[PDB]
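*Asks:* I am sharing entry-v7.tsv, which consists of TSV, C-alpha atoms and all ligand atoms:
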```tsv
chain	number	residue	atom	x	y	z
A	11	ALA	CA	-31.42	-39.00	-9.10
A	12	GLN	CA	-35.19	-39.41	-8.80
A	13	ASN	CA	-37.41	-38.54	-11.82
A	14	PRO	CA	-34.52	-37.80	-14.18
A	15	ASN	CA	-36.82	-37.33	-17.22
A	16	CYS	CA	-38.72	-34.60	-15.24
A	17	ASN	CA	-42.14	-36.17	-15.69
A	18	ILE	CA	-45.20	-34.71	-14.02
A	19	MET	CA	-45.94	-36.94	-11.05
A	20	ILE	CA	-49.37	-37.67	-9.59
A	21	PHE	CA	-49.78	-38.35	-5.88
A	22	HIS	CA	-52.59	-40.07	-3.96
A	23	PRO	CA	-51.95	-39.29	-0.23
A	24	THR	CA	-53.87	-41.18	2.39
A	25	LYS	CA	-55.87	-39.23	4.96
A	26	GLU	CA	-53.05	-39.69	7.41
A	27	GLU	CA	-50.49	-38.40	4.94
A	28	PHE	CA	-52.76	-35.38	4.24
A	29	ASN	CA	-52.33	-34.00	7.74
A	30	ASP	CA	-48.95	-32.46	7.54
A	31	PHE	CA	-48.65	-30.22	4.45
A	32	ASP	CA	-44.96	-29.38	4.74
A	33	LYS	CA	-44.01	-33.02	5.29
A	34	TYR	CA	-45.95	-34.13	2.19
A	35	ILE	CA	-44.31	-31.48	-0.04
A	36	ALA	CA	-40.95	-32.68	1.21
A	37	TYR	CA	-41.98	-36.29	0.45
A	38	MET	CA	-42.99	-35.41	-3.09
A	39	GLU	CA	-39.63	-33.76	-3.60
A	40	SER	CA	-37.84	-36.86	-2.20
A	41	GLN	CA	-39.44	-38.70	-5.12
A	42	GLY	CA	-38.25	-36.09	-7.65
A	43	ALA	CA	-41.59	-34.35	-8.23
A	44	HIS	CA	-40.04	-30.90	-8.41
A	45	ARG	CA	-37.95	-31.79	-11.36
A	46	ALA	CA	-41.06	-31.51	-13.59
A	47	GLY	CA	-41.98	-28.05	-12.27
A	48	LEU	CA	-45.55	-29.24	-11.59
A	49	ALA	CA	-47.24	-32.11	-9.65
A	50	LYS	CA	-50.83	-33.24	-9.23
A	51	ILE	CA	-52.22	-34.22	-5.81
A	52	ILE	CA	-55.49	-36.15	-5.65
A	53	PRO	CA	-56.92	-35.70	-2.11
A	54	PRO	CA	-58.03	-38.78	-0.11
A	55	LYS	CA	-61.59	-39.78	-0.73
A	56	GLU	CA	-62.53	-38.79	2.90
A	57	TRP	CA	-61.59	-35.14	2.28
A	58	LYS	CA	-63.65	-32.22	1.10
A	59	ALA	CA	-62.88	-28.50	0.68
A	60	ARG	CA	-66.36	-27.45	1.78
A	61	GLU	CA	-69.89	-28.97	1.91
A	62	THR	CA	-71.37	-27.52	-1.29
A	63	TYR	CA	-70.84	-24.84	-3.94
A	64	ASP	CA	-74.55	-23.99	-4.10
A	65	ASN	CA	-74.23	-20.57	-2.48
A	66	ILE	CA	-71.33	-18.82	-4.38
A	67	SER	CA	-73.28	-16.83	-6.92
A	68	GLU	CA	-73.20	-13.58	-5.07
A	69	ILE	CA	-69.40	-13.33	-4.94
A	70	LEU	CA	-68.42	-10.18	-6.93
A	71	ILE	CA	-65.91	-10.14	-9.71
A	72	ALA	CA	-65.12	-6.41	-9.44
A	73	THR	CA	-62.86	-6.25	-12.50
A	74	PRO	CA	-63.46	-9.02	-15.05
A	75	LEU	CA	-60.68	-9.10	-17.59
A	76	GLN	CA	-61.26	-9.59	-21.38
A	77	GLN	CA	-58.21	-11.32	-22.74
A	78	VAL	CA	-57.49	-9.89	-26.18
A	79	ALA	CA	-54.81	-11.64	-28.26
A	80	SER	CA	-52.32	-10.35	-30.86
A	81	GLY	CA	-49.96	-12.42	-32.99
A	82	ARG	CA	-50.25	-15.82	-34.62
A	83	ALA	CA	-52.10	-18.86	-33.36
A	84	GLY	CA	-49.07	-20.47	-31.73
A	85	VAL	CA	-47.15	-17.33	-30.72
A	86	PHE	CA	-49.22	-14.51	-29.29
A	87	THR	CA	-49.56	-12.00	-26.52
A	88	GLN	CA	-52.68	-11.09	-24.61
A	89	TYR	CA	-53.74	-7.88	-22.96
A	90	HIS	CA	-56.32	-7.51	-20.35
A	91	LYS	CA	-59.19	-5.12	-20.99
A	92	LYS	CA	-61.10	-4.23	-17.86
A	93	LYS	CA	-64.88	-4.84	-17.92
A	94	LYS	CA	-67.71	-3.80	-15.68
A	95	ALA	CA	-68.28	-5.72	-12.43
A	96	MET	CA	-70.44	-8.75	-12.35
A	97	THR	CA	-71.41	-11.44	-9.86
A	98	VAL	CA	-70.28	-15.06	-10.13
A	99	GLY	CA	-73.87	-15.96	-11.08
A	100	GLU	CA	-73.80	-13.39	-13.90
A	101	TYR	CA	-70.32	-14.57	-15.02
A	102	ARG	CA	-71.45	-18.26	-15.04
A	103	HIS	CA	-74.39	-17.36	-17.30
A	104	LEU	CA	-72.04	-15.46	-19.57
A	105	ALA	CA	-69.57	-18.35	-19.74
A	106	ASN	CA	-72.48	-20.68	-20.77
A	107	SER	CA	-73.77	-18.32	-23.49
A	108	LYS	CA	-73.49	-19.25	-27.12
A	109	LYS	CA	-70.72	-16.61	-27.64
A	110	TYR	CA	-68.46	-18.05	-24.88
A	111	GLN	CA	-69.36	-21.66	-24.24
A	112	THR	CA	-67.10	-24.62	-24.78
A	113	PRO	CA	-67.66	-26.15	-28.27
A	114	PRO	CA	-68.52	-29.70	-28.83
A	115	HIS	CA	-65.50	-31.93	-28.59
A	116	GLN	CA	-64.47	-35.60	-28.39
A	117	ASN	CA	-62.03	-35.58	-25.56
A	118	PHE	CA	-59.44	-33.32	-23.91
A	119	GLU	CA	-56.98	-33.75	-26.79
A	120	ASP	CA	-59.57	-32.62	-29.33
A	121	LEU	CA	-60.33	-29.60	-27.15
A	122	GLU	CA	-56.66	-28.80	-26.81
A	123	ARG	CA	-56.36	-28.84	-30.64
A	124	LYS	CA	-59.29	-26.49	-30.91
A	125	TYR	CA	-57.80	-24.14	-28.26
A	126	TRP	CA	-54.51	-23.76	-30.10
A	127	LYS	CA	-56.15	-23.42	-33.48
A	128	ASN	CA	-58.70	-20.85	-32.51
A	129	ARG	CA	-57.82	-19.06	-29.26
A	130	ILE	CA	-56.56	-15.90	-30.89
A	131	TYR	CA	-59.85	-15.29	-32.69
A	132	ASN	CA	-61.82	-14.86	-29.48
A	133	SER	CA	-61.54	-12.68	-26.36
A	134	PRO	CA	-62.75	-14.69	-23.31
A	135	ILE	CA	-63.43	-12.94	-19.99
A	136	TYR	CA	-61.46	-14.14	-16.92
A	137	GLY	CA	-62.39	-13.36	-13.26
A	138	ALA	CA	-58.86	-13.61	-12.01
A	139	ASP	CA	-56.98	-12.60	-9.00
A	140	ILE	CA	-59.92	-12.10	-6.54
A	141	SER	CA	-58.76	-12.05	-2.89
A	142	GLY	CA	-60.70	-14.63	-0.92
A	143	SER	CA	-61.22	-18.34	-0.14
A	144	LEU	CA	-63.79	-21.06	-0.68
A	145	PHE	CA	-62.33	-23.47	1.89
A	146	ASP	CA	-64.57	-24.07	4.88
A	147	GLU	CA	-62.93	-22.87	8.05
A	148	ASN	CA	-63.36	-26.30	9.51
A	149	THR	CA	-61.36	-28.00	6.74
A	150	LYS	CA	-58.12	-28.70	8.55
A	151	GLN	CA	-56.11	-30.39	5.79
A	152	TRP	CA	-54.76	-28.55	2.74
A	153	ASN	CA	-56.79	-25.48	3.47
A	154	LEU	CA	-55.14	-22.84	1.25
A	155	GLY	CA	-56.20	-20.04	3.62
A	156	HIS	CA	-54.44	-21.73	6.61
A	157	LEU	CA	-50.99	-22.40	5.28
A	158	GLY	CA	-47.73	-21.28	6.98
A	159	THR	CA	-46.88	-17.84	5.60
A	160	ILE	CA	-43.89	-17.03	3.42
A	161	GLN	CA	-42.91	-14.31	5.87
A	162	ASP	CA	-42.78	-16.82	8.67
A	163	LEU	CA	-40.75	-19.23	6.50
A	164	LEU	CA	-38.22	-16.49	5.72
A	165	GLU	CA	-38.05	-15.72	9.41
A	166	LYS	CA	-37.60	-19.33	10.40
A	167	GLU	CA	-34.83	-19.88	7.83
A	168	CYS	CA	-32.95	-16.66	7.92
A	169	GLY	CA	-33.91	-15.07	11.27
A	170	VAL	CA	-35.20	-11.79	9.91
A	171	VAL	CA	-38.73	-10.67	10.75
A	172	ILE	CA	-40.48	-8.86	7.91
A	173	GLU	CA	-43.78	-7.11	7.17
A	174	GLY	CA	-46.30	-8.57	4.74
A	175	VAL	CA	-49.11	-10.99	4.40
A	176	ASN	CA	-49.87	-14.03	2.21
A	177	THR	CA	-53.57	-14.70	1.28
A	178	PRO	CA	-55.31	-16.79	-1.39
A	179	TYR	CA	-56.88	-15.76	-4.65
A	180	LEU	CA	-59.92	-17.00	-6.55
A	181	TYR	CA	-60.07	-17.44	-10.32
A	182	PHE	CA	-63.33	-17.78	-12.19
A	183	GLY	CA	-62.69	-19.05	-15.73
A	184	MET	CA	-64.45	-19.82	-18.95
A	185	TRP	CA	-63.57	-21.54	-22.19
A	186	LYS	CA	-60.30	-20.22	-23.63
A	187	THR	CA	-59.34	-18.14	-20.60
A	188	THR	CA	-55.59	-18.28	-20.56
A	189	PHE	CA	-52.67	-18.04	-18.17
A	190	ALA	CA	-49.53	-16.88	-19.89
A	191	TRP	CA	-46.04	-18.37	-19.49
A	192	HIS	CA	-44.62	-17.42	-16.09
A	193	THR	CA	-42.90	-18.44	-12.93
A	194	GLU	CA	-44.25	-17.23	-9.59
A	195	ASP	CA	-43.24	-13.96	-7.98
A	196	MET	CA	-39.74	-14.43	-6.50
A	197	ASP	CA	-39.81	-17.97	-8.05
A	198	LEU	CA	-42.08	-19.15	-5.16
A	199	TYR	CA	-44.11	-22.33	-5.17
A	200	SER	CA	-47.80	-22.13	-5.95
A	201	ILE	CA	-50.66	-24.44	-5.06
A	202	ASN	CA	-53.92	-24.40	-6.99
A	203	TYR	CA	-57.13	-26.18	-6.08
A	204	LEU	CA	-59.84	-26.56	-8.75
A	205	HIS	CA	-62.99	-26.16	-6.64
A	206	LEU	CA	-65.60	-26.74	-9.32
A	207	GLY	CA	-66.47	-26.85	-12.94
A	208	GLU	CA	-64.61	-27.67	-16.08
A	209	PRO	CA	-60.93	-28.67	-16.32
A	210	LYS	CA	-57.74	-26.61	-16.57
A	211	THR	CA	-54.94	-27.76	-18.92
A	212	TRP	CA	-51.38	-26.96	-17.84
A	213	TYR	CA	-48.06	-26.83	-19.65
A	214	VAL	CA	-44.78	-26.74	-17.69
A	215	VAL	CA	-41.02	-26.48	-18.34
A	216	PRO	CA	-38.72	-28.31	-15.87
A	217	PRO	CA	-36.88	-25.79	-13.62
A	218	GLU	CA	-33.52	-27.05	-14.79
A	219	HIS	CA	-34.51	-26.01	-18.34
A	220	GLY	CA	-36.20	-22.72	-17.68
A	221	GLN	CA	-33.49	-20.65	-19.36
A	222	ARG	CA	-34.24	-22.55	-22.62
A	223	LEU	CA	-37.75	-21.25	-22.54
A	224	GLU	CA	-36.48	-17.72	-21.76
A	225	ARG	CA	-34.12	-17.78	-24.74
A	226	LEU	CA	-36.91	-18.88	-27.07
A	227	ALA	CA	-39.18	-16.20	-25.67
A	228	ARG	CA	-36.56	-13.52	-26.40
A	229	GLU	CA	-36.38	-14.77	-30.00
A	230	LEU	CA	-40.18	-14.89	-30.43
A	231	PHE	CA	-40.99	-11.62	-28.72
A	232	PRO	CA	-38.03	-9.49	-29.73
A	233	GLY	CA	-39.49	-6.00	-29.01
A	234	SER	CA	-40.69	-7.14	-25.58
A	235	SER	CA	-37.26	-8.54	-24.82
A	236	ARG	CA	-35.57	-5.22	-25.66
A	237	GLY	CA	-38.06	-3.48	-23.37
A	238	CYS	CA	-37.35	-5.63	-20.33
A	239	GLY	CA	-34.73	-8.18	-19.32
A	240	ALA	CA	-37.47	-10.23	-17.53
A	241	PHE	CA	-40.51	-9.64	-19.66
A	242	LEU	CA	-42.12	-12.99	-18.88
A	243	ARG	CA	-42.82	-11.37	-15.49
A	244	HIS	CA	-45.45	-9.36	-17.37
A	245	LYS	CA	-47.47	-12.50	-17.78
A	246	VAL	CA	-48.66	-11.83	-21.34
A	247	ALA	CA	-46.82	-14.23	-23.69
A	248	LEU	CA	-48.14	-17.50	-25.05
A	249	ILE	CA	-46.22	-20.17	-26.99
A	250	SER	CA	-47.98	-23.36	-28.13
A	251	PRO	CA	-46.82	-26.92	-27.56
A	252	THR	CA	-46.25	-27.29	-31.27
A	253	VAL	CA	-43.89	-24.30	-31.28
A	254	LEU	CA	-42.12	-25.54	-28.19
A	255	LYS	CA	-41.60	-28.98	-29.85
A	256	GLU	CA	-40.31	-27.31	-33.05
A	257	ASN	CA	-37.75	-25.46	-30.99
A	258	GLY	CA	-36.67	-28.40	-28.86
A	259	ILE	CA	-37.89	-26.96	-25.54
A	260	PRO	CA	-38.46	-29.62	-22.92
A	261	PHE	CA	-42.00	-29.49	-21.46
A	262	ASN	CA	-44.91	-31.57	-20.20
A	263	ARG	CA	-48.65	-31.19	-20.10
A	264	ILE	CA	-51.46	-32.37	-17.85
A	265	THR	CA	-55.15	-31.64	-17.32
A	266	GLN	CA	-56.44	-30.81	-13.81
A	267	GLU	CA	-60.02	-31.68	-12.95
A	268	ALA	CA	-62.32	-30.46	-10.24
A	269	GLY	CA	-61.32	-31.71	-6.82
A	270	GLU	CA	-57.59	-31.89	-7.63
A	271	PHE	CA	-54.59	-29.87	-6.45
A	272	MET	CA	-51.65	-28.79	-8.57
A	273	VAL	CA	-48.35	-27.61	-7.10
A	274	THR	CA	-45.89	-25.57	-9.10
A	275	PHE	CA	-42.29	-25.64	-7.95
A	276	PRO	CA	-39.71	-22.83	-7.82
A	277	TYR	CA	-38.71	-21.63	-11.27
A	278	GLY	CA	-41.18	-24.03	-13.02
A	279	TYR	CA	-42.52	-21.99	-15.96
A	280	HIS	CA	-46.17	-22.78	-16.60
A	281	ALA	CA	-49.05	-21.73	-18.86
A	282	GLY	CA	-52.48	-23.07	-19.64
A	283	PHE	CA	-56.15	-22.62	-20.31
A	284	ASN	CA	-59.61	-23.37	-18.94
A	285	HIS	CA	-62.02	-25.73	-20.67
A	286	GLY	CA	-65.20	-24.00	-19.58
A	287	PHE	CA	-66.77	-22.36	-16.52
A	288	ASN	CA	-64.71	-23.14	-13.43
A	289	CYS	CA	-63.41	-21.80	-10.17
A	290	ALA	CA	-59.91	-22.28	-8.79
A	291	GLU	CA	-58.17	-21.04	-5.66
A	292	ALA	CA	-54.39	-20.53	-5.50
A	293	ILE	CA	-51.73	-19.14	-3.23
A	294	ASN	CA	-47.97	-18.89	-3.12
A	295	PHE	CA	-45.91	-20.67	-0.49
A	296	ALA	CA	-42.30	-21.32	0.42
A	297	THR	CA	-40.18	-24.13	1.88
A	298	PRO	CA	-36.51	-24.12	2.93
A	299	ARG	CA	-35.56	-25.23	-0.57
A	300	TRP	CA	-37.11	-22.07	-2.05
A	301	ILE	CA	-34.69	-19.68	-0.39
A	302	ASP	CA	-31.91	-20.21	-2.93
A	303	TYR	CA	-34.35	-19.69	-5.77
A	304	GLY	CA	-35.65	-16.51	-4.25
A	305	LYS	CA	-32.17	-15.10	-4.03
A	306	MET	CA	-31.59	-15.75	-7.74
A	307	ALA	CA	-35.03	-14.82	-9.12
A	308	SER	CA	-35.12	-12.40	-12.02
A	309	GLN	CA	-36.88	-9.27	-11.73
A	310	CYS	CA	-38.83	-6.84	-13.96
A	311	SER	CA	-37.71	-3.26	-13.20
A	312	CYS	CA	-39.31	-1.66	-16.40
A	313	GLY	CA	-42.41	-0.96	-14.46
A	314	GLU	CA	-44.81	-3.27	-16.19
A	315	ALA	CA	-44.97	-6.22	-13.74
A	316	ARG	CA	-46.22	-4.23	-10.67
A	317	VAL	CA	-46.79	-6.67	-7.79
A	318	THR	CA	-48.01	-7.03	-4.21
A	319	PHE	CA	-46.90	-5.19	-1.16
A	320	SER	CA	-45.30	-8.29	0.31
A	321	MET	CA	-42.72	-8.72	-2.48
A	322	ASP	CA	-40.91	-5.64	-1.26
A	323	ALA	CA	-39.44	-7.34	1.73
A	324	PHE	CA	-38.49	-10.42	-0.23
A	325	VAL	CA	-36.42	-8.31	-2.66
A	326	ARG	CA	-35.04	-6.16	0.12
A	327	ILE	CA	-33.74	-9.07	2.21
A	328	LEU	CA	-32.88	-11.67	-0.46
A	329	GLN	CA	-31.72	-9.35	-3.26
A	330	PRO	CA	-30.37	-6.15	-1.63
A	331	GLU	CA	-28.20	-5.21	-4.68
A	332	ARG	CA	-31.32	-5.25	-6.94
A	333	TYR	CA	-33.57	-3.53	-4.42
A	334	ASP	CA	-33.09	0.12	-5.41
A	335	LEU	CA	-33.60	-0.51	-9.15
A	336	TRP	CA	-36.56	-2.86	-8.60
A	337	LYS	CA	-38.27	-0.38	-6.28
A	338	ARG	CA	-37.89	2.42	-8.90
A	339	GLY	CA	-39.90	0.05	-11.16
A	340	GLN	CA	-42.60	-0.19	-8.49
A	341	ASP	CA	-42.69	3.68	-8.09
A	401	LIG	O1	-55.24	-20.74	-12.73
A	401	LIG	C1	-54.66	-19.76	-13.29
A	401	LIG	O2	-55.23	-18.93	-14.09
A	401	LIG	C2	-53.24	-19.42	-13.08
A	401	LIG	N1	-52.69	-20.15	-11.91
A	401	LIG	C3	-51.41	-20.24	-11.66
A	401	LIG	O3	-50.51	-19.72	-12.42
A	401	LIG	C4	-50.94	-20.94	-10.44
A	401	LIG	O4	-51.73	-21.50	-9.68
A	401	LIG	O5	-49.71	-20.79	-10.22
A	402	MG	MG	-72.50	-15.95	-2.83
A	403	NI	NI	-48.69	-19.55	-11.58
A	404	ZN	ZN	-40.68	-5.47	-17.27
```
Could you render the structure from this file as structure tokens?
*Replies:*
Amino acid sequence: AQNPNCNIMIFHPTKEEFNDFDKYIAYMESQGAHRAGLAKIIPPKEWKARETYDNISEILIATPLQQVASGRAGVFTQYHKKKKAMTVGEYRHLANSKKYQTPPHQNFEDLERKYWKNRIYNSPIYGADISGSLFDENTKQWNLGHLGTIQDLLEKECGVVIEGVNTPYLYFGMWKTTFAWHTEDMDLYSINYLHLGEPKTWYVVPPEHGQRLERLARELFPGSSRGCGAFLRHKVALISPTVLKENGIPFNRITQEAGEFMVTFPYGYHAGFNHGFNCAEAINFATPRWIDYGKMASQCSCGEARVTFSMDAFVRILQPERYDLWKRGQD
């Protein structure tokens, strides 16, 4: 069995290997990359996402989110308070202000220590989940707005044609902005490209051990667990590496820098934080190997998780028994 310790693998494809996206994902899996739940892909030196980032300041962040924490430093939830719209140029200036800027630090490990010590005492503002793309239309390789759609994959594998669309999302971050522990909708893959700025640190639980994280989460968030049998779908709970280690939960960590791709694999729980002002682009995707994970994915039916239009068909076709209850949650 390849990668039996479920380590995060790092790949350096050549320009020739960067042509065929599906083939390269399948290669990485042949080497056991999925066992970690997360992989890093460093593009060939010939490649670029676009020519420059000099003209992005007028992008609008219609609903910036202030991430307010509750709990203790290693075990907390966050809620998202909506803020007034601002442009990317306004948000960059805000991120660099004395109130929000990254503190002085020695290295990524020192910064990580400072994040876990102090995150809860601040409320950073995240420009998350903005439909759009920063890939140039002429970028032919690993262009996250030109991937095969999940609807077409389902149709290719299973023969059923369904409604829905699959487009990318932009994330503008600042110091301490946080992504809570989650798997993707319908336990899909994700791919995330860090276009510019400061790094993003990731934590990940191997897919084969995801239920260990779920059991800890039920223990640590006991009211939330009574509320919903899949409350990590709400994307609000944080658990630190120290707490994970104390509870024997297998995980790994890695820091993504600008110009790098990360892939999350089906049922790979992940969480993390931004080091300072940055911009990432991410989208979900599927492969043939996903189908069995989609059929088994948990679902939130309490009403909190509320998701895209396109998840309807995935539930309807892959999980017809759950469909009725899940849809009640959506309505
Ligand atoms: O970058 C973020 O805030 C969150 N991203 C992801 O969870 C991802 O790409 O799957
Ligand atoms: Mg602009
Ligand atoms: Ni994710
Ligand atoms: Zn729920």
*Asks:* Could you give me, as a PyMOL selection string, the residues within 6 Å of range 206-221 of chain A, counting all atoms listed in the file and dropping anything in the same chain fewer than 2 positions from it?
*Replies:* chain A and resi 45-47+204+223-224+261-268+277-289
*Asks:* I'd like to know which of A:144, A:184, A:201, A:171 is closest to ligand LIG 401 (chain A), using all atoms listed in the file.
*Replies:*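 Looking at the shortest contact to ligand LIG 401 (chain A), the residue is A:201.
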*Asks:* Which of these, A:49, A:157, A:312, A:96, has the shortest distance to ligand LIG 401 (chain A) once you count only C-alpha atoms and all ligand atoms?
*Replies:*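 With only C-alpha atoms and all ligand atoms as the atom set, the closest residue is A:49.
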*Asks:* Using all atoms listed in the file, find each residue in chain A having at least one atom no more than 10 Å away from ligand NI 403 (chain A); report its shortest atom-to-atom pair and that distance in Å (one decimal), rows by chain then rising number, as JSON lines.
*Replies:*
```
{"residue": "A:189", "atom": "CA", "partner": "A:NI403", "partner_atom": "NI", "distance": 7.8}
{"residue": "A:190", "atom": "CA", "partner": "A:NI403", "partner_atom": "NI", "distance": 8.8}
{"residue": "A:191", "atom": "CA", "partner": "A:NI403", "partner_atom": "NI", "distance": 8.4}
{"residue": "A:192", "atom": "CA", "partner": "A:NI403", "partner_atom": "NI", "distance": 6.4}
{"residue": "A:193", "atom": "CA", "partner": "A:NI403", "partner_atom": "NI", "distance": 6.0}
{"residue": "A:194", "atom": "CA", "partner": "A:NI403", "partner_atom": "NI", "distance": 5.4}
{"residue": "A:195", "atom": "CA", "partner": "A:NI403", "partner_atom": "NI", "distance": 8.6}
{"residue": "A:197", "atom": "CA", "partner": "A:NI403", "partner_atom": "NI", "distance": 9.7}
{"residue": "A:198", "atom": "CA", "partner": "A:NI403", "partner_atom": "NI", "distance": 9.2}
{"residue": "A:199", "atom": "CA", "partner": "A:NI403", "partner_atom": "NI", "distance": 8.4}
{"residue": "A:200", "atom": "CA", "partner": "A:NI403", "partner_atom": "NI", "distance": 6.3}
{"residue": "A:201", "atom": "CA", "partner": "A:NI403", "partner_atom": "NI", "distance": 8.4}
{"residue": "A:202", "atom": "CA", "partner": "A:NI403", "partner_atom": "NI", "distance": 8.5}
{"residue": "A:245", "atom": "CA", "partner": "A:NI403", "partner_atom": "NI", "distance": 9.5}
{"residue": "A:273", "atom": "CA", "partner": "A:NI403", "partner_atom": "NI", "distance": 9.2}
{"residue": "A:274", "atom": "CA", "partner": "A:NI403", "partner_atom": "NI", "distance": 7.1}
{"residue": "A:275", "atom": "CA", "partner": "A:NI403", "partner_atom": "NI", "distance": 9.6}
{"residue": "A:278", "atom": "CA", "partner": "A:NI403", "partner_atom": "NI", "distance": 8.9}
{"residue": "A:279", "atom": "CA", "partner": "A:NI403", "partner_atom": "NI", "distance": 8.0}
{"residue": "A:280", "atom": "CA", "partner": "A:NI403", "partner_atom": "NI", "distance": 6.5}
{"residue": "A:281", "atom": "CA", "partner": "A:NI403", "partner_atom": "NI", "distance": 7.6}
{"residue": "A:282", "atom": "CA", "partner": "A:NI403", "partner_atom": "NI", "distance": 9.6}
{"residue": "A:292", "atom": "CA", "partner": "A:NI403", "partner_atom": "NI", "distance": 8.4}
{"residue": "A:293", "atom": "CA", "partner": "A:NI403", "partner_atom": "NI", "distance": 8.9}
{"residue": "A:294", "atom": "CA", "partner": "A:NI403", "partner_atom": "NI", "distance": 8.5}
```
*Asks:* For residue 124 in chain A, which residue out of A:97, A:112, A:235, A:24 is the nearest one, using all atoms listed in the file?
*Replies:*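 With all atoms listed in the file as the atom set, the closest residue is A:112.
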*Asks:* Every residue with an atom at most 10 Å from (-48.5, -0.2, -16.1) (file coordinates; only C-alpha atoms) is what I'm after, so could you write them as a VMD selection string?
*Replies:* chain A and resid 244 312 to 316 339 to 340
*Asks:* Go ahead and write the residues just picked, C-alpha atoms, as a CSV table (one decimal), keeping the file's coordinate frame.
*Replies:*
```csv
chain,number,residue,atom,x,y,z
A,244,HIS,CA,-45.4,-9.4,-17.4
A,312,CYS,CA,-39.3,-1.7,-16.4
A,313,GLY,CA,-42.4,-1.0,-14.5
A,314,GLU,CA,-44.8,-3.3,-16.2
A,315,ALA,CA,-45.0,-6.2,-13.7
A,316,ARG,CA,-46.2,-4.2,-10.7
A,339,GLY,CA,-39.9,0.0,-11.2
A,340,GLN,CA,-42.6,-0.2,-8.5
```
*Asks:* For ligand ZN 404 (chain A), which of A:150, A:205, A:236, A:129 is the closest residue, counting all atoms listed in the file?
*Replies:*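 Result for the nearest residue to ligand ZN 404 (chain A): A:236.
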*Asks:* Would you pick out the contacts of residue 231 in chain A at 12 Å or less, using only C-alpha atoms, so that residues sharing its chain but fewer than 2 positions from it are not included, and give the list as a list in words?
*Replies:*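 Once the adjacent positions are removed, what remains is residues 80, 81, 82, 85, 86, 87, 223, 224, 225, 226, 227, 228, 229, 233, 234, 235, 236, 237, 238, 239, 240, 241, 242, 246, 247, 248 and 249 of chain A.
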*Asks:* Just the number, please: distance in Å from CA of residue 338 in chain A to CA of residue 304 in chain A, one decimal.
*Replies:* 19.6 Å
*Asks:* Which residues form the shell of 7 Å around ligand MG 402 (chain A) when you count only C-alpha atoms and all ligand atoms, given as a list in words?
*Replies:* residues 65, 66, 67, 68 and 69 of chain A
*Asks:* How many Å lie between CA of residue 139 in chain A and CA of residue 252 in chain A, rounded to one decimal?
*Replies:*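 That distance, rounded to one decimal, is 28.8 Å.
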*Asks:* I'd like to know which of A:174, A:155, A:137, A:114 is closest to ligand LIG 401 (chain A), using only C-alpha atoms and all ligand atoms.
*Replies:*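 Checking each of A:174, A:155, A:137, A:114 against ligand LIG 401 (chain A), counting only C-alpha atoms and all ligand atoms, the winner is A:137.
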*Asks:* What gap, in Å, lies between CA of residue 74 in chain A and CA of residue 98 in chain A?
*Replies:*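 Result for CA of residue 74 in chain A versus CA of residue 98 in chain A: 10.4 Å, one decimal.
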*Asks:* Given the choices A:104, A:72, A:306, A:59, which gets closest to residue 148 in chain A if the distance is worked out from only C-alpha atoms?
*Replies:*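 Going through A:104, A:72, A:306, A:59 one by one, the smallest distance to residue 148 in chain A is for A:59.
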*Asks:* Need to verify the contact set: residue 168 in chain A, 10 Å, only C-alpha atoms, exclusion of same-chain residues closer than 4 positions in sequence. Can you return it as number ranges by chain?
*Replies:* A: 162-164, 298, 301, 327-328
